[PDB]
Amino acid sequence: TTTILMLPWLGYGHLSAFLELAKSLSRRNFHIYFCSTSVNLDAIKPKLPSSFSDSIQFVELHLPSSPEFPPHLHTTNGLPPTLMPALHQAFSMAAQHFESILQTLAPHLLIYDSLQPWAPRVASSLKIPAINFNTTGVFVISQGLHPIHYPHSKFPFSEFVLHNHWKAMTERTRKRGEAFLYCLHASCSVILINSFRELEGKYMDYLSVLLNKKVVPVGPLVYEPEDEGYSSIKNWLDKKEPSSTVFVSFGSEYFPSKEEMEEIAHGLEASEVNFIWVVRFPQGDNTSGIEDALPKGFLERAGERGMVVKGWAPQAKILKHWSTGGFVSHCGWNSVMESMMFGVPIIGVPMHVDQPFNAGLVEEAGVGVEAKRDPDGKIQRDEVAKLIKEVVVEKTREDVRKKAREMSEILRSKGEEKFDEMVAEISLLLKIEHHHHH
Ligand SMILES: O=c1ccn([C@@H]2O[C@H](COP(=O)(O)OP(=O)(O)O)[C@@H](O)[C@H]2O)c(=O)[nH]1
């Protein structure tokens, strides 16, 4: 049996997408070693049905630990943002443990994420082929690589303009970029990406030219789950009108500022929509409460229309509920893919990293709308309220709703043939590499 070790970056969205890919590979008679920190493995274990217990094996990776950065913080999930550089550095320091794991397990292939250039380096030293799997979409990667080759030319095939807020948003950025570049360039023969041609084909073709490598889509990769946490939420949603409610979430690794929450809250209130909003506090803060993060009296004024959930909610179950008419989202790529799969239009409030590019692609495909920031880069309560009202409450953006339903139909028609290309490229790569090693 051909064995694959998978090494996601230490974020919940990365773990989730890698796990869905692991499931699809396991059904093609690959044996998977799924490698991450213990805190990440514990968070993802509930998402693996017992049907996979024999073919997907978890392997713990150990990072350097200290009382001030202990192992339960070795994840981006709820991590204080100021600890993000320490987490990247600690992950790079796991390379020797990673080498010993690869020596002991001797997998035939490594599939690695784009935040760990040390991983393909270790694999190559051990004569283990390594392929890069990207859990973002293609658009942001092609936008990042284009200036390296065409520094004086506008990006082709798109009218998207990045807001000055993010253009402004030095060596931390450069080294993360150069690490990302290495991960792409080091990949053996192909790169894998969680996207699909109907959405991003022209950008995959362009990225393939920029890299001189085949770009292989393996998307849509979307996780779909008796549940007590959803029960209370389900009971509330069951009393609402169809397509009347928005889910509001900024993902697993972002905490909007007090001012950002103010604009979102006032946008929700003015729109008169029903909403479920996930509000979170960073690890180590178990004093803070919902009431302090929100404007004074906001939940009192919202009354029956509003529900705030602390910490975490069953996002996929909520989006699939017939009451949900929209998704106010930071536009993390897994959230975008889920929203498209479930046919829910996106109201984009991107915050950082790849999100503004994802929101621009959402707008371009017409399956959602982006709440634009004002000249100074602030979220605008008026823009949030107007888009919720148009898309969900009054439903005057029927173009958006129809395109989102159309996209869902397309995505639901896809089957296991979406993995045919990846499996053939893996087979070829391993057969070429077997001759080399000989
Ligand atoms: O309260 C929450 C917040 C997030 N998610 C899931 O966490 C993942 C978030 O991934 P995404 O790429 O959207 O954003 P990130 O967390 O990486 O910024 C998605 O699968 C969401 O469905 C969830 O289930 N409940």
# chains A, B, ... in the order shown; residues from 1 in each chain; ligands from 1
call {"tool": "residues_near_ligand", "arguments": {"ligand": "ligand 1", "cutoff": "9 Å", "atoms": "only C-alpha atoms and all ligand atoms", "output": "PyMOL selection string"}}
result
chain A and resi 11-14+16-17+76-77+135-136+222-223+248-254+277-280+309-317+329-338+353+355
call {"tool": "write_last_selection", "arguments": {"atoms": "N, CA and C atoms", "output": "compact mmCIF listing (two decimals), in the first residue's frame"}}
result
# COMPACT_ATOMS: atom_id res chain seq x y z
N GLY A 11 -3.11 25.61 11.58
CA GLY A 11 -4.37 26.33 11.70
C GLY A 11 -5.53 25.39 11.45
N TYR A 12 -6.66 25.66 12.12
CA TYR A 12 -7.83 24.78 12.01
C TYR A 12 -8.33 24.65 10.58
N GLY A 13 -8.35 25.76 9.83
CA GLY A 13 -8.78 25.69 8.44
C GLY A 13 -7.86 24.84 7.59
N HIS A 14 -6.55 24.92 7.84
CA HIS A 14 -5.59 24.07 7.15
C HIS A 14 -5.76 22.60 7.53
N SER A 16 -8.45 21.21 8.56
CA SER A 16 -9.72 20.74 8.03
C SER A 16 -9.60 20.35 6.57
N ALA A 17 -8.97 21.21 5.76
CA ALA A 17 -8.86 20.92 4.34
C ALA A 17 -7.93 19.73 4.09
N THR A 76 -3.02 27.98 15.71
CA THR A 76 -3.54 29.34 15.55
C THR A 76 -4.95 29.50 16.09
N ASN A 77 -5.62 28.40 16.42
CA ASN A 77 -7.04 28.42 16.78
C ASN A 77 -7.21 29.17 18.10
N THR A 135 -4.39 25.29 0.71
CA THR A 135 -5.76 25.31 1.21
C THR A 135 -6.45 26.63 0.90
N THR A 136 -5.72 27.58 0.32
CA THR A 136 -6.33 28.78 -0.22
C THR A 136 -6.90 28.47 -1.60
N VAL A 222 -15.02 20.20 1.19
CA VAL A 222 -15.88 20.79 2.20
C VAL A 222 -16.27 19.70 3.19
N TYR A 223 -16.06 19.96 4.48
CA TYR A 223 -16.50 19.06 5.53
C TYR A 223 -18.00 19.22 5.79
N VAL A 248 -22.79 34.92 11.18
CA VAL A 248 -21.73 35.93 11.24
C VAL A 248 -20.53 35.26 11.89
N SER A 249 -19.43 35.13 11.16
CA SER A 249 -18.27 34.46 11.74
C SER A 249 -17.02 35.02 11.11
N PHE A 250 -15.98 35.19 11.92
CA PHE A 250 -14.69 35.60 11.37
C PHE A 250 -13.64 34.50 11.47
N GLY A 251 -14.07 33.25 11.48
CA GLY A 251 -13.13 32.16 11.35
C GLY A 251 -12.52 31.78 12.69
N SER A 252 -11.42 31.05 12.61
CA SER A 252 -10.81 30.47 13.79
C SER A 252 -9.60 31.23 14.29
N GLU A 253 -9.13 32.25 13.56
CA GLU A 253 -7.87 32.87 13.97
C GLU A 253 -7.90 34.37 13.76
N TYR A 254 -9.06 34.99 13.99
CA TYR A 254 -9.14 36.44 13.94
C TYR A 254 -10.09 36.93 15.02
N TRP A 277 -24.32 35.17 15.59
CA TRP A 277 -22.98 35.74 15.49
C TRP A 277 -22.06 35.05 16.48
N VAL A 278 -20.97 34.47 15.99
CA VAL A 278 -19.97 33.82 16.84
C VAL A 278 -18.99 34.87 17.31
N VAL A 279 -18.92 35.07 18.63
CA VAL A 279 -17.99 36.01 19.24
C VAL A 279 -17.01 35.20 20.06
N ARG A 280 -15.72 35.47 19.90
CA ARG A 280 -14.66 34.68 20.52
C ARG A 280 -13.70 35.59 21.25
N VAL A 309 -23.34 33.48 19.98
CA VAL A 309 -22.78 32.24 20.50
C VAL A 309 -21.33 32.51 20.87
N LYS A 310 -20.92 32.10 22.07
CA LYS A 310 -19.55 32.30 22.51
C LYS A 310 -18.66 31.16 22.03
N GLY A 311 -17.51 31.51 21.47
CA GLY A 311 -16.47 30.52 21.24
C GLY A 311 -16.50 29.80 19.90
N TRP A 312 -17.58 29.07 19.63
CA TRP A 312 -17.59 28.20 18.46
C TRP A 312 -19.02 27.79 18.17
N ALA A 313 -19.37 27.69 16.89
CA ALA A 313 -20.69 27.25 16.50
C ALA A 313 -20.58 26.19 15.41
N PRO A 314 -21.63 25.38 15.22
CA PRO A 314 -21.66 24.40 14.11
C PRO A 314 -21.95 25.09 12.77
N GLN A 315 -20.89 25.63 12.17
CA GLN A 315 -21.06 26.49 11.00
C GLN A 315 -21.77 25.78 9.85
N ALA A 316 -21.33 24.55 9.53
CA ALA A 316 -21.90 23.88 8.36
C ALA A 316 -23.37 23.54 8.58
N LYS A 317 -23.73 23.09 9.78
CA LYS A 317 -25.14 22.82 10.07
C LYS A 317 -25.98 24.08 9.98
N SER A 329 -19.14 37.04 6.42
CA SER A 329 -17.98 36.17 6.57
C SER A 329 -16.69 36.95 6.39
N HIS A 330 -15.65 36.55 7.13
CA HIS A 330 -14.32 37.10 6.87
C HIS A 330 -13.74 36.62 5.55
N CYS A 331 -14.38 35.63 4.91
CA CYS A 331 -14.00 35.16 3.59
C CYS A 331 -12.73 34.32 3.64
N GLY A 332 -12.47 33.68 4.78
CA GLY A 332 -11.57 32.54 4.77
C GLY A 332 -12.01 31.52 3.73
N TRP A 333 -11.04 30.83 3.14
CA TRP A 333 -11.38 30.05 1.95
C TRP A 333 -12.28 28.86 2.26
N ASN A 334 -12.13 28.24 3.42
CA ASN A 334 -13.03 27.13 3.73
C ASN A 334 -14.45 27.63 3.89
N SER A 335 -14.62 28.79 4.54
CA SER A 335 -15.95 29.38 4.67
C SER A 335 -16.54 29.73 3.31
N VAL A 336 -15.72 30.23 2.39
CA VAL A 336 -16.22 30.53 1.04
C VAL A 336 -16.67 29.25 0.35
N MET A 337 -15.83 28.20 0.39
CA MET A 337 -16.17 26.95 -0.28
C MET A 337 -17.43 26.34 0.31
N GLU A 338 -17.55 26.38 1.64
CA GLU A 338 -18.75 25.87 2.31
C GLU A 338 -19.98 26.64 1.88
N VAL A 353 -4.73 38.82 5.54
CA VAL A 353 -4.08 37.78 4.73
C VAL A 353 -4.81 37.59 3.40
N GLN A 355 -7.86 37.01 2.72
CA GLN A 355 -9.29 37.29 2.69
C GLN A 355 -9.71 38.39 1.71
call {"tool": "residues_around", "arguments": {"residues": "residue A:64", "least_positions_apart": "3", "cutoff": "9 Å", "atoms": "only C-alpha atoms", "output": "MDAnalysis selection string"}}
result
chainID A and resid 69:71 90:91 93:94
call {"tool": "select_by_dssp", "arguments": {"residues": "stretch 215-294 of chain A", "states": "strand (DSSP E or B)", "output": "PyMOL selection string"}}
result
chain A and resi 215-217+245-249+274-279
call {"tool": "write_last_selection", "arguments": {"atoms": "N, CA and C atoms", "output": "PDB file, in the first residue's frame"}}
result
ATOM      1  N   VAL A 215      -0.815  22.940 -12.153  1.00  0.00           N
ATOM      2  CA  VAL A 215      -1.652  23.289 -11.015  1.00  0.00           C
ATOM      3  C   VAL A 215      -2.859  22.360 -11.047  1.00  0.00           C
ATOM      4  N   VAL A 216      -2.997  21.511 -10.034  1.00  0.00           N
ATOM      5  CA  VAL A 216      -4.007  20.456 -10.039  1.00  0.00           C
ATOM      6  C   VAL A 216      -5.095  20.832  -9.037  1.00  0.00           C
ATOM      7  N   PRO A 217      -6.312  21.133  -9.477  1.00  0.00           N
ATOM      8  CA  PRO A 217      -7.382  21.390  -8.508  1.00  0.00           C
ATOM      9  C   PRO A 217      -7.871  20.080  -7.912  1.00  0.00           C
ATOM     10  N   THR A 245     -32.100  34.663   7.865  1.00  0.00           N
ATOM     11  CA  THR A 245     -31.125  34.778   8.940  1.00  0.00           C
ATOM     12  C   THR A 245     -29.723  34.789   8.349  1.00  0.00           C
ATOM     13  N   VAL A 246     -28.815  35.576   8.929  1.00  0.00           N
ATOM     14  CA  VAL A 246     -27.403  35.522   8.544  1.00  0.00           C
ATOM     15  C   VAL A 246     -26.601  34.864   9.653  1.00  0.00           C
ATOM     16  N   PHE A 247     -25.622  34.071   9.258  1.00  0.00           N
ATOM     17  CA  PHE A 247     -24.580  33.619  10.164  1.00  0.00           C
ATOM     18  C   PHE A 247     -23.424  34.603  10.050  1.00  0.00           C
ATOM     19  N   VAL A 248     -22.788  34.916  11.180  1.00  0.00           N
ATOM     20  CA  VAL A 248     -21.732  35.929  11.238  1.00  0.00           C
ATOM     21  C   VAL A 248     -20.533  35.264  11.894  1.00  0.00           C
ATOM     22  N   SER A 249     -19.426  35.127  11.156  1.00  0.00           N
ATOM     23  CA  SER A 249     -18.270  34.459  11.740  1.00  0.00           C
ATOM     24  C   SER A 249     -17.018  35.019  11.111  1.00  0.00           C
ATOM     25  N   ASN A 274     -32.435  38.721  11.033  1.00  0.00           N
ATOM     26  CA  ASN A 274     -32.102  37.756  12.070  1.00  0.00           C
ATOM     27  C   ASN A 274     -30.633  37.379  11.926  1.00  0.00           C
ATOM     28  N   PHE A 275     -29.950  37.159  13.048  1.00  0.00           N
ATOM     29  CA  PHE A 275     -28.540  36.790  12.956  1.00  0.00           C
ATOM     30  C   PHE A 275     -28.129  35.859  14.088  1.00  0.00           C
ATOM     31  N   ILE A 276     -27.192  34.960  13.772  1.00  0.00           N
ATOM     32  CA  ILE A 276     -26.394  34.224  14.750  1.00  0.00           C
ATOM     33  C   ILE A 276     -24.955  34.654  14.537  1.00  0.00           C
ATOM     34  N   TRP A 277     -24.319  35.166  15.588  1.00  0.00           N
ATOM     35  CA  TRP A 277     -22.981  35.744  15.493  1.00  0.00           C
ATOM     36  C   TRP A 277     -22.063  35.046  16.484  1.00  0.00           C
ATOM     37  N   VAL A 278     -20.970  34.468  15.986  1.00  0.00           N
ATOM     38  CA  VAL A 278     -19.974  33.816  16.836  1.00  0.00           C
ATOM     39  C   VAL A 278     -18.987  34.866  17.312  1.00  0.00           C
ATOM     40  N   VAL A 279     -18.923  35.067  18.625  1.00  0.00           N
ATOM     41  CA  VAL A 279     -17.991  36.006  19.239  1.00  0.00           C
ATOM     42  C   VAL A 279     -17.010  35.195  20.063  1.00  0.00           C
TER      43      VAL A 279
END
call {"tool": "residues_around", "arguments": {"residues": "residue A:218", "least_positions_apart": "3", "cutoff": "12 Å", "atoms": "only C-alpha atoms", "output": "mmCIF file with C-alpha atoms, in the first residue's frame"}}
result
data_model
loop_
_atom_site.group_PDB
_atom_site.id
_atom_site.type_symbol
_atom_site.label_atom_id
_atom_site.label_comp_id
_atom_site.auth_asym_id
_atom_site.auth_seq_id
_atom_site.Cartn_x
_atom_site.Cartn_y
_atom_site.Cartn_z
ATOM 1 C CA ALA A 17 -8.856 20.917 4.343
ATOM 2 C CA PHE A 18 -5.939 18.484 4.695
ATOM 3 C CA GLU A 20 -10.840 16.157 3.762
ATOM 4 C CA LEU A 21 -8.066 15.476 1.246
ATOM 5 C CA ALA A 22 -6.828 12.612 3.446
ATOM 6 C CA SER A 24 -10.435 11.200 -0.390
ATOM 7 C CA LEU A 25 -6.971 9.652 -0.731
ATOM 8 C CA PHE A 133 -1.114 21.334 -1.117
ATOM 9 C CA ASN A 134 -2.614 24.823 -0.855
ATOM 10 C CA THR A 135 -5.762 25.308 1.206
ATOM 11 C CA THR A 136 -6.332 28.777 -0.223
ATOM 12 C CA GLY A 137 -7.826 29.461 -3.608
ATOM 13 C CA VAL A 138 -5.787 30.113 -6.736
ATOM 14 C CA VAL A 190 2.622 19.646 -9.502
ATOM 15 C CA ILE A 191 0.923 21.703 -6.871
ATOM 16 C CA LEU A 192 -2.481 20.801 -5.435
ATOM 17 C CA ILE A 193 -5.063 23.487 -4.668
ATOM 18 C CA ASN A 194 -8.492 23.432 -2.999
ATOM 19 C CA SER A 195 -10.342 25.056 -5.872
ATOM 20 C CA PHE A 196 -12.167 24.108 -9.077
ATOM 21 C CA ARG A 197 -12.066 25.196 -12.719
ATOM 22 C CA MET A 204 -4.937 28.127 -12.493
ATOM 23 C CA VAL A 215 -1.652 23.289 -11.015
ATOM 24 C CA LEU A 221 -13.109 20.083 -0.304
ATOM 25 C CA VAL A 222 -15.882 20.785 2.205
ATOM 26 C CA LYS A 414 -19.023 16.732 -8.516
ATOM 27 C CA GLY A 415 -18.010 13.252 -7.414
ATOM 28 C CA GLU A 416 -14.813 11.324 -6.748
ATOM 29 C CA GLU A 417 -13.625 12.050 -10.304
ATOM 30 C CA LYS A 418 -12.454 15.401 -8.909
ATOM 31 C CA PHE A 419 -9.469 13.479 -7.493
ATOM 32 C CA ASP A 420 -8.595 11.562 -10.682
ATOM 33 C CA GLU A 421 -6.024 14.126 -11.841
ATOM 34 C CA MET A 422 -4.234 14.256 -8.480
ATOM 35 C CA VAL A 423 -4.091 10.475 -8.191
ATOM 36 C CA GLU A 425 0.005 12.759 -11.035
#
call {"tool": "closest_residue", "arguments": {"among": "A:97, A:258, A:321, A:397", "to": "residue A:291", "atoms": "only C-alpha atoms"}}
result
A:258
